[PDB]
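Before any questions on how it binds or moves, here is one chain, the form deposited in one PDB entry, in structure tokens.
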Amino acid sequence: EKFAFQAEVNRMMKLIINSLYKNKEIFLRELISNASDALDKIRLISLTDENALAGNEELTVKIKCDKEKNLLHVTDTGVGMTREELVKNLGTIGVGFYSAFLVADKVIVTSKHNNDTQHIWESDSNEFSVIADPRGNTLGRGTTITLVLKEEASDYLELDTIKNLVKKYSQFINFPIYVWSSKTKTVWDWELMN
């Protein structure tokens, strides 16, 4: 259940944290980029596999802010990852996934792939672990990237910073990207960004 990062991964992380201190908001582009890629794979999978889109019927990317908990979630209904995939793809080696540590003290990755049960991968960057999601299969199919934001990144909880950023990066993504926001006597609901 517990693992150490490959030596190259530790170097990547430090290198990222050091050569990108200026453009931290880049993390959201990378994550939105990975969602889009996971959505292409299931889509390609659904060409020769009529069952492939069973666990979930939609192909989207939904982002929600949670202040009280200090969290930021990025969920896609792409191919998702198996337990073995979470361990190889996120523990061994275009900034990438680890750009998530530019704004987070902790990174959690919940993922459900058609060929396995929903798991959770977690890391504070000094090590990581994969466990079976005791909450069962709640995603259907896909991945949720949850970031435990650092103190200085708290401005990424404000729905306006997220929206401005999401629109820029949701420009070339051929999939609907929503942001759970509010309206005015104030109800919360998804808001398409692209």
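Don't overthink the numbering: it's just position in the shown sequence, from 1. The term rigid core refers to the most C-alpha atoms you can superpose between the two forms while keeping them within 1.5 Å. Only residues modelled in both forms are compared.
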Inset, instruction - Using the PDB record, quantify the missing residues of the deposited sequence between residue 93 and residue 94 as none, 1 to 3, 4 to 9, or 10 or more. - result: 10 or more
Legend entry - Per the entry, higher mean C-alpha B factor between 162-170 and 66-74: 162-170
Inset, instruction - Could you check the entry and say whether 22-30 or 48-56 has the higher mean CA B-factor? - result: 48-56
Inset, instruction - Quick one: classify residue 37 as lowest, middle or highest third of the chain based on its Cα B-factor. - result: lowest
Legend entry - Chain thirds of CA B-factor: placement of residue 155: highest
Inset, instruction - Could you look up the Cα B-factor of residue 9 in the entry and say which third of the chain it sits in: lowest, middle or highest? - result: lowest
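This next part talks about the form deposited in another entry, which is not shown.
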Inset, instruction - Answer yes if the Cα of residue 24 shifts by 2 angstroms or more between the shown form and the other one on a rigid-core superposition, and no otherwise. - result: no
Inset, instruction - Look at residue 12 and decide if its Cα position differs by 2 Å or more between the shown form and the other one after superposing on the rigid core. - result: yes
Legend entry - in the other entry, whether the C-alpha atoms of residue 18 and residue 154 sit closer or farther than here (change of 3 Å or more): closer
Inset, instruction - Answer with closer or farther for the CA-CA spacing of residue 71 and residue 11 in the other entry compared to the shown form; it moves by 3 Å or more. - result: closer
Inset, instruction - Superpose on the core, then tell me which runs of at least 3 consecutive residues have all their CA atoms shifted by 2 Å or more between the shown form and the other one. - result: 3-20, 91-93
